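Observations on the model geometry
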Amino acid sequence: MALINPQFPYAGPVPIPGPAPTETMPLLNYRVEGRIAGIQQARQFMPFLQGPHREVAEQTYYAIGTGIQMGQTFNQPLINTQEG
Amino acid sequence: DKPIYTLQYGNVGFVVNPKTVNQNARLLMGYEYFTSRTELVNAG
């Protein structure tokens, strides 16, 4: 967006020496076929386990029984003959 | 880059194999870590 100087104008570009025209043109680089080499193993001996863990520990229980329940020799009360 | 995050108690340890141990020899550990707190309401 330059302003044209009317007192000192200039013309378009003139030819100048050039950079040997084939040396600015590249070759198209020619890929050969390739292979991810080797026979891959199916599994890996991992350093960490792959499953979930638990944040807190919960107390577990198992039921037990008591035993054969016996009789008893109670201390027996007195007879309510109007004193009680 | 990859923070040590054990997930059941006793999952990752730090090992030092000494060569000479004097009397009252100890190992002073210092950690920095991220953790979440309780009262997880997030500005109610």
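Per the PDB entry, chain B goes by the name Major Capsid Protein (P3) and belongs to Enterobacteria phage PR772. Here the entry title, as the record gives it, is "High resolution electron cryo-microscopy structure of the bacteriophage PR772".

Looking at the PDB entry, chain A carries the name Minor Capsid Protein (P30), with the source organism given as Enterobacteria phage PR772.

The next thing to look at is the overall build of chain A. For chain A, the helix and strand inventory stands at 0 helices and 0 strands. The C-alpha radius of gyration computed for chain A amounts to 52 Å, which surpasses the reference 12 Å derived for 84 residues by more than 25%, pointing to a less compact arrangement than a globule. With the C-alpha coordinates aligned to their principal axes, the bounding extent of chain A is approximately 145 × 55 × 15 Å. Every one of the 84 residues in chain A was classed for burial, and the buried ones make up 0%.

Within chain B, the secondary structure is distributed over 0 helices and 0 strands. With respect to the principal axes defined by its C-alpha atoms, chain B has extents near 55 × 20 × 20 Å. Within chain B, the fraction of its 44 residues that count as buried is 0%. By element, 51% of the accessible surface of chain B is carried by carbon and sulfur atoms, the whole surface being about 5,400 Å².

This paragraph deals with the interface of chain A and chain B. Facing the 4 residues of chain A at the interface are 4 residues of chain B. Carbon and sulfur atoms make up 55% of the area that chain A and chain B hide from each other, which totals about 390 Å². Our count for the contact surface shared by chain A and chain B stands at 0 salt bridges. Between chain A and chain B we count 0 residue pairs in polar contact in total. Class assignment of the residues belonging to the side of chain A that touches chain B gives a composition of 1 nonpolar, 1 polar and 2 charged.

This brings us to a nonpolar patch on the surface. Together, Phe14, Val16, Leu27, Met29, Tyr31 and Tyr33 of chain B give the surface a local cluster of nonpolar side chains, amounting to about 770 Å² of exposed area. Owing to a relative accessible area of 64%, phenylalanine 14 of chain B belongs among the exposed residues under this scheme.

Our next topic: the pattern of salt bridges. Under the criterion given, the structure shown has 1 salt bridge over all chains. Across the salt bridge formed by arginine 37 of chain B and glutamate 39 of chain B, the nearest N and O atoms sit 3.7 Å from each other.

As a further point, take the layout of surface pockets. Here the largest pocket defines a volume of roughly 460 Å³. What lines the largest pocket is simply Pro3, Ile4, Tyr5, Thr6, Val12, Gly13, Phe14, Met29, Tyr31, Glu32, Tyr33 and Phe34 of chain B. A breakdown of the residues in the lining of the largest pocket according to their chemical character gives 9 nonpolar, 2 polar and 1 charged. In this model, the second largest pocket occupies a volume close to 280 Å³. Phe48 of chain A together with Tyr5, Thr6, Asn11 and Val12 of chain B are, among the 13 residues lining the second largest pocket, the residues nearest its centre. Broken down by class, the residue content of the lining of the second largest pocket amounts to 8 nonpolar, 4 polar and 1 charged.

Parameters and conventions
- Residues numbered from 1 in each chain as written, not as in the entry; some residues may be left out.
- Chains lettered and ligands numbered in written order.
- Part of a larger assembly, values for the part shown.
- Heavy atoms only, no water.
- Helix = DSSP H or I, 4+ residues; strand = E, 2+ residues; numbered from the N terminus.
- Rg over C-alpha atoms; globule rule 2.2 N^0.38 Å.
- Buried < 20%, exposed > 50% of the residue type's maximum accessible area, 1.4 Å probe, protein only.
- Areas by Shrake-Rupley, 256 points an atom, 1.4 Å probe, with all protein chains shown as cover.
- Contact = heavy atoms within 4.5 Å.
- Buried area = accessible area lost by both parts, 1.4 Å probe.
- Salt bridge = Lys/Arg side-chain N within 4 Å of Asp/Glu carboxyl O.
- Polar contact = N/O pair within 3.5 Å; in protein donor to acceptor, adjacent residues only side chain to side chain.
- Nonpolar A, V, L, I, M, F, W, Y, C, P; charged D, E, K, R; others polar.
- Patch = residues over 30% accessible without salt bridge, like charges linked within 9 Å, V, L, I, M, F, W, Y side chains within 5 Å.
- 1 Å grid on protein atoms, 1.4 Å probe; cavity = no way out; pocket = protein on both sides within 12 Å on 5 of 7 lines; lining within 4 Å.
- Points joined across faces, edges and corners; volume = space filled by probe spheres on them.

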